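Note that the protein sequences, when read in sequence, are chains A and B. Numbering-wise, the first sequence is residues 1 to 241 according to the authors' numbering. Numbering-wise, the second sequence is residues 1 to 199, 210 to 241 according to the authors' numbering.
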Amino acid sequence: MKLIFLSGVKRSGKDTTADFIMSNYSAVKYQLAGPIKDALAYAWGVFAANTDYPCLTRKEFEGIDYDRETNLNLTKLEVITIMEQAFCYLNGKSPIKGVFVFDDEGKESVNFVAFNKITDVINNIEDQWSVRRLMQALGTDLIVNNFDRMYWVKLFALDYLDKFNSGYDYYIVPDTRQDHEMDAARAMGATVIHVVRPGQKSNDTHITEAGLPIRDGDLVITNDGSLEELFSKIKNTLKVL
Amino acid sequence: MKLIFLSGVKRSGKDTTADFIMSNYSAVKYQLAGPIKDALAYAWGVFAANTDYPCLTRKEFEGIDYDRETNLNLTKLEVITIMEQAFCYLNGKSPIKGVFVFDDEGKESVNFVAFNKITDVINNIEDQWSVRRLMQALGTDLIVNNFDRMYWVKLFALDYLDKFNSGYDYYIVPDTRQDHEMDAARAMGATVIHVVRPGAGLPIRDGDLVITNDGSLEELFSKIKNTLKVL
Ligand SMILES: Nc1nc2c(ncn2[C@H]2C[C@H](O)[C@@H](COP(=O)(O)O)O2)c(=O)[nH]1
Ligand SMILES: Nc1nc2c(ncn2[C@H]2C[C@H](O)[C@@H](COP(=O)(O)O)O2)c(=O)[nH]1
Ligand SMILES: Nc1ncnc2c1ncn2[C@@H]1O[C@H](COP(=O)(O)O)[C@@H](O)[C@H]1O
Ligand SMILES: [Mg+2]
Ligand SMILES: [Mg+2]
């Protein structure tokens, strides 16, 4: 099995490569942001539970025919509430450094110190709450920035370890957005492929919306033409490996 | 941080190699069996409390001025409760596939299938229960063979990633004893270094480094220094 980490800003063609590979080769995919979406979909269902709030499922968090920028009109309090349930869920996948979960009959809650950082981080955010802003808050503003910088790479490793000895030719991680995550991928022998559109950028100011450095060893597919030309560049990059 | 997995049989000089590196370089060390002894020591205190049993600290589980070959005279029934407690300890580190721990008023317990699975496994162990056997029972008869082949490597993966930005030059895992675990180690980018004596061990695959311990300690030291130079 070969471990491939793709890198590319929004609309660079990185997403097309990902899809080209998944359908023309024996490949298994792992999204670093997978568990983030899972944790939110579970937290939502718990929040919106017996409310009149829109029912948002995993498919909506996946953005499948749902716009994730759609303002959800949430208050910082609701959001804190959601973030706390998301944590309870995740703590169950893999322990988050400094978080404990307590139970009061189906009512899970995080320890005060962790509840306090969530509170503090959220109160400082003045953006509007979209499915997209909640993903960035959970993943980056909270977890990476304040609890465990390597948490999403860690859940990745647990998946990889269950899968490396299977019959797939490739194992693809398409959504890495932080440099330190690329660093771990590289330490682990991953082949990093950057899909680049000559002089281009993604409209998001999040650091999860910016472009990662090409370090040596990194391969690069320059998407400066037709789609057929992208497909050839991809077939030829992979044949190299 | 260079990830190194050491391989070698008893007396090959593999342990001497782990020591010399720990002593001479910026390195951190991780034992795949660490958690096994931590959970047994945890599950022990809990059990040997109730009873009129000896006191086994984490320092004896380590074999620190204690013989782990020693028979503790345990019933298959006490071994099973011990094991169920160790599973409760472990599950808090990383979920063991198909295990759920429920609190029973200051009594965590494992779901019934996991519980029964432990019962059947412990029930066919016709050996006498020493510390050394509790470790294999826990580590291999139970977890590796019946719950998750890769569970001890998973725990390593979590600690390794944690120490990732720590400024250590090497991360050494010296106690792998199973080949499937070395495969996992190679899938994570580890360099495998075997320490062999001239004239039944883990296989030497292509890409693995081999240090032949054929001379003096100091010749062994020199081979190590030059091997680390090349990674
Ligand atoms: N890969 C990754 N995504 C993150 C991280 N922290 C937060 N995210 C969020 C921000 C993105 O807009 C979102 C990606 O969702 P998606 O578009 O479905 O792949 O995940 C992180 O550490 N890594
Ligand atoms: N590396 C490794 N060690 C294991 C595994 N299962 C059990 N062990 C234990 C049994 C040995 O007695 C022990 C070594 O402990 P020690 O003597 O404290 O260094 O490793 C396993 O899957 N991998
Ligand atoms: N190449 C060597 N030359 C001389 N003594 C050695 C050599 N390698 C190992 N030793 C001895 O072998 C012992 C056992 O090896 P080990 O437990 O595998 O580390 C050590 O404690 C050393 O004193
Ligand atoms: Mg909950
Ligand atoms: Mg317990």
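The C-beta atom is built at its ideal place from N, Cα and C for all residues, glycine as well.
Legend entry - Chain-ordered list of residues that sit, by beta carbon, closer than 5 angstroms to a heavy atom of ligand 3: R11(B), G13(B), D15(B), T16(B), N223(B), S226(B), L227(B), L230(B)
Legend entry - CB contact check: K37(B) to chain A, cutoff 7 angstroms: no
Inset, instruction - May I ask which residues mark the beginning and end of the beta strand (DSSP E) holding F5(A)? - result: Element bounds for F5(A): 2-7.
Legend entry - Element boundaries [alpha helix (DSSP H), containing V46(B)]: 34-50
Inset, instruction - Determine the contact status of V153(A) and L161(B), defining contact as a CB-CB distance below 7 angstroms. - result: Contact flag set, yes.
Inset, instruction - Identify whether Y53(A) lies in helix, strand or coil by the three-state DSSP scheme. - result: It is coil, neither helix nor strand.
Inset, instruction - Pick out whichever of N145(A), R215(A), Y53(A), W129(A) has its Cα sitting closest to the Cα of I80(A). - result: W129(A)
Legend entry - Beta carbon of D141(B) nearer than 7 angstroms to that of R133(B): no
Inset, instruction - Verify the contact flag: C55(A), CB atom, against every heavy atom of ligand 5, threshold strictly below 6 angstroms. - result: no
Inset, instruction - Report yes if the C-beta of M182(B) is less than 6 angstroms from at least one heavy atom of ligand 2; otherwise report no. - result: no
Inset, instruction - Starting from the Cα of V121(B), find the closest Cα among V144(B), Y89(B), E108(B) and give me that residue. - result: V144(B)
Inset, instruction - Could I get the ranges of all uninterrupted beta strand (DSSP E) runs contained in the segment 85-113 of chain B, with 3 residues as the minimum, in chain order? - result: 101-103, 108-110
Legend entry - Per-residue contacts from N165(A) into chain B (C-beta, under 7 angstroms): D183
Legend entry - Residue-chain proximity (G189(B), chain A), Cβ-Cβ < 7 angstroms: yes
Legend entry - Contacting positions in the segment 147-158 of chain B - beta carbon closer than 7 angstroms to chain A: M150, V153, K154, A157, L158
Inset, instruction - Establish whether the CB of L161(A) and some CB of chain B are separated by less than 7 angstroms. - result: True, the Cβ-Cβ gap to chain B drops below 7 angstroms.
Inset, instruction - Label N111(A) either buried or exposed according to how many other C-beta atoms from any shown protein chain fall within 10 Å of its C-beta, with 16 as the threshold for buried. - result: exposed
Legend entry - Where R197(B) falls, given that 16 or more other Cβ within 10 Å makes a residue buried: exposed
Legend entry - Inter-stretch contact (C-beta, 8 angstroms, three-pair minimum) for the segment 162-169 of chain B and the segment 182-190 of chain B: no
Legend entry - Any 3 or more C-beta pairs closer than 8 angstroms across the segment 62-70 of chain B and the segment 83-94 of chain B: no
Inset, instruction - Could I get the ranges of all uninterrupted beta strand (DSSP E) runs contained in the segment 137-182 of chain A, with 3 residues as the minimum, in chain order? - result: 170-173
Inset, instruction - Would you identify the three-state DSSP class for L219(A), choosing helix, strand or coil? - result: strand
Inset, instruction - Using DSSP bridges, identify the partner residues of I193(A). - result: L6(A), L219(A)
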